[PDB]
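Shown next: my_file21.cif, given as mmCIF, C-alpha atoms.
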```
data_data
loop_
_atom_site.label_atom_id
_atom_site.label_comp_id
_atom_site.auth_asym_id
_atom_site.auth_seq_id
_atom_site.Cartn_x
_atom_site.Cartn_y
_atom_site.Cartn_z
CA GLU A 1 -11.99 16.54 -10.23
CA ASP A 2 -8.91 14.76 -11.60
CA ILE A 3 -7.62 13.87 -15.07
CA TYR A 4 -4.71 11.43 -14.88
CA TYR A 5 -3.59 8.82 -17.40
CA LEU A 6 -0.03 7.48 -17.54
CA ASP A 7 0.04 5.74 -20.92
CA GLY B 1 5.63 -1.65 18.91
CA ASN B 2 6.20 1.71 20.59
CA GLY B 3 4.65 3.61 17.69
CA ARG B 4 6.05 2.35 14.40
CA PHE B 5 5.14 -0.91 12.69
CA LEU B 6 5.56 -0.69 8.92
CA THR B 7 8.26 1.36 7.22
CA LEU B 8 7.62 2.75 3.76
CA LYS B 9 10.83 4.29 2.53
CA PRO B 10 10.94 5.91 -0.94
CA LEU B 11 14.21 4.28 -2.02
CA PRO B 12 16.96 5.88 -4.19
CA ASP B 13 15.77 3.71 -7.08
CA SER B 14 12.70 5.93 -6.93
CA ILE B 15 12.67 9.64 -7.73
CA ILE B 16 12.12 10.02 -3.98
CA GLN B 17 14.81 9.38 -1.33
CA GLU B 18 12.81 9.62 1.91
CA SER B 19 11.61 7.22 4.61
CA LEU B 20 8.06 7.14 6.00
CA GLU B 21 6.83 4.85 8.76
CA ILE B 22 3.25 3.66 9.20
CA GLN B 23 2.51 3.86 12.91
CA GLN B 24 0.81 0.62 13.99
CA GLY B 25 -1.48 2.96 15.87
CA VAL B 26 -2.71 4.69 12.71
CA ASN B 27 -5.19 2.73 10.61
CA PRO B 28 -5.54 3.24 7.78
CA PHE B 29 -2.34 5.05 6.80
CA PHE B 30 -2.96 7.51 3.97
CA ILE B 31 -0.26 8.52 1.50
CA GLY B 32 -0.19 11.31 -1.05
CA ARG B 33 0.60 14.95 -1.84
CA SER B 34 -1.87 16.45 0.64
CA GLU B 35 -0.46 16.63 4.17
CA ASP B 36 -3.82 15.13 5.17
CA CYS B 37 -2.29 11.81 4.18
CA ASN B 38 -0.47 10.14 7.08
CA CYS B 39 2.37 9.90 4.56
CA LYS B 40 3.64 12.98 2.73
CA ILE B 41 4.53 12.50 -0.92
CA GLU B 42 3.78 15.27 -3.40
CA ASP B 43 4.01 14.27 -7.05
CA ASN B 44 1.94 16.37 -9.47
CA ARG B 45 1.31 13.11 -11.35
CA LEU B 46 -0.36 11.38 -8.39
CA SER B 47 -3.45 12.64 -6.57
CA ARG B 48 -3.29 14.33 -3.16
CA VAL B 49 -4.30 10.89 -1.89
CA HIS B 50 -2.72 8.55 -4.43
CA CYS B 51 -3.11 5.57 -2.11
CA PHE B 52 -3.32 4.39 1.50
CA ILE B 53 -2.44 1.24 3.42
CA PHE B 54 -5.03 -0.34 5.71
CA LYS B 55 -4.41 -3.08 8.27
CA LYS B 56 -7.00 -5.81 8.84
CA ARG B 57 -7.45 -8.88 11.02
CA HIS B 58 -6.18 -11.90 9.08
CA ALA B 59 -8.42 -14.95 9.45
CA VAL B 60 -9.85 -17.98 7.66
CA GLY B 61 -12.48 -20.70 7.89
CA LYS B 62 -10.91 -24.02 8.87
CA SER B 63 -7.27 -25.08 9.06
CA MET B 64 -7.67 -28.21 6.94
CA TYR B 65 -4.36 -29.01 5.24
CA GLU B 66 -3.29 -25.36 5.32
CA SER B 67 -1.88 -23.96 8.56
CA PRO B 68 -3.09 -20.39 9.29
CA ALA B 69 -2.35 -18.10 12.22
CA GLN B 70 -5.66 -18.37 14.07
CA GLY B 71 -6.57 -14.69 13.78
CA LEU B 72 -3.83 -12.07 13.60
CA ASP B 73 -3.56 -8.82 11.62
CA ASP B 74 -2.30 -8.10 8.10
CA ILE B 75 -1.56 -4.94 6.11
CA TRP B 76 -3.54 -4.19 2.97
CA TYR B 77 -2.34 -1.59 0.48
CA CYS B 78 -5.24 0.45 -0.90
CA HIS B 79 -4.88 2.45 -4.11
CA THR B 80 -7.18 5.37 -4.94
CA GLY B 81 -4.96 7.18 -7.43
CA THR B 82 -6.16 7.56 -11.02
CA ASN B 83 -2.59 7.06 -12.28
CA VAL B 84 -2.67 3.48 -10.91
CA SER B 85 0.17 2.21 -8.72
CA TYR B 86 2.28 -0.94 -9.09
CA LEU B 87 2.99 -3.38 -6.25
CA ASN B 88 6.06 -5.48 -7.03
CA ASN B 89 4.56 -7.12 -10.11
CA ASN B 90 0.80 -6.65 -9.59
CA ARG B 91 -1.30 -3.85 -11.09
CA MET B 92 -2.97 -1.41 -8.69
CA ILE B 93 -5.80 0.59 -10.25
CA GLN B 94 -7.96 3.16 -8.47
CA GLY B 95 -9.99 0.96 -6.15
CA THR B 96 -7.74 -2.03 -5.50
CA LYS B 97 -6.19 -3.75 -2.49
CA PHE B 98 -3.09 -5.92 -1.98
CA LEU B 99 -1.47 -7.96 0.79
CA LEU B 100 1.63 -6.32 2.26
CA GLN B 101 4.43 -8.74 3.18
CA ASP B 102 7.45 -7.37 5.11
CA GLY B 103 9.77 -5.97 2.47
CA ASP B 104 7.10 -4.94 -0.02
CA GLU B 105 8.20 -2.53 -2.74
CA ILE B 106 5.30 -0.47 -4.10
CA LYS B 107 5.41 1.83 -7.13
CA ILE B 108 3.28 4.94 -6.77
CA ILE B 109 4.07 6.42 -10.20
CA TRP B 110 6.09 5.38 -13.26
CA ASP B 111 6.57 7.40 -16.46
CA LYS B 112 8.55 6.00 -19.39
CA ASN B 113 8.73 9.30 -21.30
CA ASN B 114 8.89 11.55 -18.24
CA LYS B 115 11.22 9.12 -16.45
CA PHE B 116 9.14 9.88 -13.36
CA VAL B 117 9.43 6.79 -11.19
CA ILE B 118 8.33 6.46 -7.57
CA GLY B 119 8.68 3.49 -5.25
CA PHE B 120 8.53 2.86 -1.52
CA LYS B 121 10.03 -0.10 0.32
CA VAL B 122 7.78 -1.54 3.00
CA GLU B 123 9.76 -2.81 5.97
CA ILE B 124 7.96 -4.15 9.02
CA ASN B 125 10.15 -3.22 11.98
CA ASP B 126 7.62 -4.04 14.69
CA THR B 127 5.20 -6.95 14.64
CA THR B 128 2.01 -6.11 16.49
CA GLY B 129 1.03 -9.76 16.77
CA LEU B 130 1.13 -10.36 13.03
CA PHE B 131 0.30 -13.84 11.69
CA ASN B 132 3.87 -13.75 10.36
CA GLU B 133 4.66 -10.06 9.94
CA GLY B 134 4.27 -10.50 6.20
CA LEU B 135 6.12 -13.26 4.36
CA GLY B 136 3.42 -13.97 1.79
CA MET B 137 0.98 -16.49 3.25
CA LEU B 138 0.33 -19.39 0.86
CA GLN B 139 -3.12 -20.17 -0.60
CA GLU B 140 -3.28 -16.87 -2.47
CA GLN B 141 -0.34 -16.19 -4.79
CA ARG B 142 0.12 -12.40 -4.72
CA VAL B 143 -3.20 -11.35 -6.23
CA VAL B 144 -4.78 -7.90 -6.38
CA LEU B 145 -8.04 -7.65 -4.44
CA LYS B 146 -10.88 -5.17 -4.94
CA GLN B 147 -12.10 -2.64 -2.37
CA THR B 148 -15.70 -1.83 -1.43
CA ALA B 149 -17.70 1.08 -0.01
CA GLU B 150 -16.06 0.23 3.32
CA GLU B 151 -12.66 1.14 1.88
CA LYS B 152 -13.87 4.24 0.04
CA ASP B 153 -15.38 5.32 3.36
CA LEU B 154 -11.98 5.09 5.05
CA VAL B 155 -10.64 7.80 2.75
CA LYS B 156 -13.86 9.78 3.25
CA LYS B 157 -12.82 10.50 6.84
CA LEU B 158 -9.31 11.39 5.65
#
```
Please express the file's structure as structure tokens.
Amino acid sequence: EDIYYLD
Amino acid sequence: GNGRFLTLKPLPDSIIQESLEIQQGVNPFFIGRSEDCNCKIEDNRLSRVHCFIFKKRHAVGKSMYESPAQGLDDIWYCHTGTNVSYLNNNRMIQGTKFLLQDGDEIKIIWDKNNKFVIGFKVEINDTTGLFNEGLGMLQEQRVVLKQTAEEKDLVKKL
């Protein structure tokens, strides 16, 4: 239940 | 230790200028947006439980050549955030662990374009019989360890 992506 | 052992203080270098202290009595210490986390840090970028620090009994087989501390306790930083955290110079992906040596600066979130940078300074004020509080025991040169179902379970009770 999470959609993170620091790119 | 009367109640506090490790001090995690979001330093001015980080978007956060607060100071949190991991009570030696609380294990493991959870950090994140959700108040459920022993530590309270709300950053839309990180998960409600970006990461948590867990303390474990430091030990080793024999003392051949190397000189250990018999069997004391050490602090392990556990990361469960999908945005991956950064400990000093080691990568911390969702499901990793790292040794915490007194004066450990951990990065919870860093954004080049958003300029969103977080970082807490770990400062061990009290030493609850720690092998050496946390100076960076030899043998293993600051390496990121992996967590197991045991760790994931810790957050399950969070």
Find the residues with any atom within 12 Å of (-12.7, 15.0, -10.5); use only C-alpha atoms and the coordinates as given in the file, and write the answer as a ChimeraX atom specification. /A:1-4 /B:47-48,81-82
Give me the residues near residue 5 in chain A as a PyMOL selection string, where near means some atom within 10 Å (using all atoms listed in the file) and where sequence neighbours in that chain fewer than 5 positions away do not count. chain B and resi 45-46+82-84
Name the residues that the PyMOL selection byres ((chain B and resi 2) around 12) picks from the file above, as a count of residues only, using the file's chain letters and numbers. 13
How many Å lie between CA of residue 90 in chain B and CA of residue 7 in chain A, rounded to one decimal?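 That distance, rounded to one decimal, is 16.8 Å.
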Apply the PyMOL selection byres ((chain B and resi 131-142) around 10) to the file shown and report the selected residues as a PyMOL selection string. chain B and resi 5-6+57-59+66-75+87-90+98-104+123-130+143-145
Keeping only C-alpha atoms, write the selected residues as an mmCIF file, keeping the file's coordinate frame.
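Contents of out-v7.cif, freshly written:
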```
data_model
loop_
_atom_site.group_PDB
_atom_site.id
_atom_site.type_symbol
_atom_site.label_atom_id
_atom_site.label_comp_id
_atom_site.auth_asym_id
_atom_site.auth_seq_id
_atom_site.Cartn_x
_atom_site.Cartn_y
_atom_site.Cartn_z
ATOM 1 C CA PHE B 5 5.140 -0.910 12.690
ATOM 2 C CA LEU B 6 5.560 -0.690 8.920
ATOM 3 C CA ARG B 57 -7.450 -8.880 11.020
ATOM 4 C CA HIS B 58 -6.180 -11.900 9.080
ATOM 5 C CA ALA B 59 -8.420 -14.950 9.450
ATOM 6 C CA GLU B 66 -3.290 -25.360 5.320
ATOM 7 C CA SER B 67 -1.880 -23.960 8.560
ATOM 8 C CA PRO B 68 -3.090 -20.390 9.290
ATOM 9 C CA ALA B 69 -2.350 -18.100 12.220
ATOM 10 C CA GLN B 70 -5.660 -18.370 14.070
ATOM 11 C CA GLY B 71 -6.570 -14.690 13.780
ATOM 12 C CA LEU B 72 -3.830 -12.070 13.600
ATOM 13 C CA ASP B 73 -3.560 -8.820 11.620
ATOM 14 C CA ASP B 74 -2.300 -8.100 8.100
ATOM 15 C CA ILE B 75 -1.560 -4.940 6.110
ATOM 16 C CA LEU B 87 2.990 -3.380 -6.250
ATOM 17 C CA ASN B 88 6.060 -5.480 -7.030
ATOM 18 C CA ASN B 89 4.560 -7.120 -10.110
ATOM 19 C CA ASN B 90 0.800 -6.650 -9.590
ATOM 20 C CA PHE B 98 -3.090 -5.920 -1.980
ATOM 21 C CA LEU B 99 -1.470 -7.960 0.790
ATOM 22 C CA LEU B 100 1.630 -6.320 2.260
ATOM 23 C CA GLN B 101 4.430 -8.740 3.180
ATOM 24 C CA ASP B 102 7.450 -7.370 5.110
ATOM 25 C CA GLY B 103 9.770 -5.970 2.470
ATOM 26 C CA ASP B 104 7.100 -4.940 -0.020
ATOM 27 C CA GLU B 123 9.760 -2.810 5.970
ATOM 28 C CA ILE B 124 7.960 -4.150 9.020
ATOM 29 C CA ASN B 125 10.150 -3.220 11.980
ATOM 30 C CA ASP B 126 7.620 -4.040 14.690
ATOM 31 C CA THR B 127 5.200 -6.950 14.640
ATOM 32 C CA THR B 128 2.010 -6.110 16.490
ATOM 33 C CA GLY B 129 1.030 -9.760 16.770
ATOM 34 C CA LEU B 130 1.130 -10.360 13.030
ATOM 35 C CA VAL B 143 -3.200 -11.350 -6.230
ATOM 36 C CA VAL B 144 -4.780 -7.900 -6.380
ATOM 37 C CA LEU B 145 -8.040 -7.650 -4.440
#
```
For the structure shown, which residues end up in the PyMOL selection byres ((chain B and resi 109) around 6)? Put them as an mmCIF file with C-alpha atoms, in the coordinates of the input, please?
```
data_model
loop_
_atom_site.group_PDB
_atom_site.id
_atom_site.type_symbol
_atom_site.label_atom_id
_atom_site.label_comp_id
_atom_site.auth_asym_id
_atom_site.auth_seq_id
_atom_site.Cartn_x
_atom_site.Cartn_y
_atom_site.Cartn_z
ATOM 1 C CA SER B 85 0.170 2.210 -8.720
ATOM 2 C CA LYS B 107 5.410 1.830 -7.130
ATOM 3 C CA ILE B 108 3.280 4.940 -6.770
ATOM 4 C CA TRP B 110 6.090 5.380 -13.260
ATOM 5 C CA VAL B 117 9.430 6.790 -11.190
ATOM 6 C CA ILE B 118 8.330 6.460 -7.570
#
```
Skip residue 147 in chain B itself and residues of its chain fewer than 3 positions away, then list as a list in words all residues within 7 Å of it, counting all atoms listed in the file. residues 95, 96, 97 and 151 of chain B
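In this model, the gap between CA of residue 60 in chain B and CA of residue 157 in chain B comes to 28.6 Å.
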For a test of reading the model, state the distance in Å between CA of residue 12 in chain B and CA of residue 41 in chain B, rounded to one decimal. 14.5 Å
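Residue nearest chain A within the list B:122, B:49, B:149, B:20: B:49 [criterion: smallest interatomic distance, only C-alpha atoms].
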Box along x, y and z, 3 Å on every side, all listed atoms of range 96-111 of chain B inside: centre and edge lengths in Å to one decimal, as lines of an AutoDock Vina configuration file.
```
center_x = 1.0
center_y = -0.7
center_z = -5.7
size_x = 23.5
size_y = 22.1
size_z = 27.6
```
Starting from the incomplete input, reconstruct N, CA, C and O atoms of chain A and write that as a PDB file, keeping the file's coordinate frame.
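To be explicit, this is the file written out as out-v4.pdb:
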```pdb
ATOM      1  N   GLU A   1     -12.796  15.293 -10.126  1.00  0.00           N
ATOM      2  CA  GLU A   1     -11.990  16.540 -10.230  1.00  0.00           C
ATOM      3  C   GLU A   1     -10.517  16.215 -10.495  1.00  0.00           C
ATOM      4  O   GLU A   1      -9.626  16.904 -10.000  1.00  0.00           O
ATOM      5  N   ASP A   2     -10.274  15.167 -11.275  1.00  0.00           N
ATOM      6  CA  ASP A   2      -8.910  14.760 -11.600  1.00  0.00           C
ATOM      7  C   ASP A   2      -8.854  14.116 -12.984  1.00  0.00           C
ATOM      8  O   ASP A   2      -9.749  13.363 -13.368  1.00  0.00           O
ATOM      9  N   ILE A   3      -7.795  14.419 -13.728  1.00  0.00           N
ATOM     10  CA  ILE A   3      -7.620  13.870 -15.070  1.00  0.00           C
ATOM     11  C   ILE A   3      -6.215  13.305 -15.252  1.00  0.00           C
ATOM     12  O   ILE A   3      -5.342  13.956 -15.828  1.00  0.00           O
ATOM     13  N   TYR A   4      -6.004  12.087 -14.763  1.00  0.00           N
ATOM     14  CA  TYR A   4      -4.710  11.430 -14.880  1.00  0.00           C
ATOM     15  C   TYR A   4      -4.776  10.249 -15.836  1.00  0.00           C
ATOM     16  O   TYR A   4      -5.833   9.640 -16.009  1.00  0.00           O
ATOM     17  N   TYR A   5      -3.648   9.929 -16.459  1.00  0.00           N
ATOM     18  CA  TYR A   5      -3.590   8.820 -17.400  1.00  0.00           C
ATOM     19  C   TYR A   5      -2.158   8.604 -17.895  1.00  0.00           C
ATOM     20  O   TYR A   5      -1.743   9.177 -18.901  1.00  0.00           O
ATOM     21  N   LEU A   6      -1.410   7.770 -17.179  1.00  0.00           N
ATOM     22  CA  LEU A   6      -0.030   7.480 -17.540  1.00  0.00           C
ATOM     23  C   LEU A   6       0.034   6.351 -18.569  1.00  0.00           C
ATOM     24  O   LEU A   6       0.123   5.177 -18.211  1.00  0.00           O
ATOM     25  N   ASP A   7      -0.013   6.718 -19.846  1.00  0.00           N
ATOM     26  CA  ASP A   7       0.040   5.740 -20.920  1.00  0.00           C
ATOM     27  C   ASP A   7       0.969   6.204 -22.039  1.00  0.00           C
ATOM     28  O   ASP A   7       2.120   5.720 -22.089  1.00  0.00           O
TER      29      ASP A   7
END
```
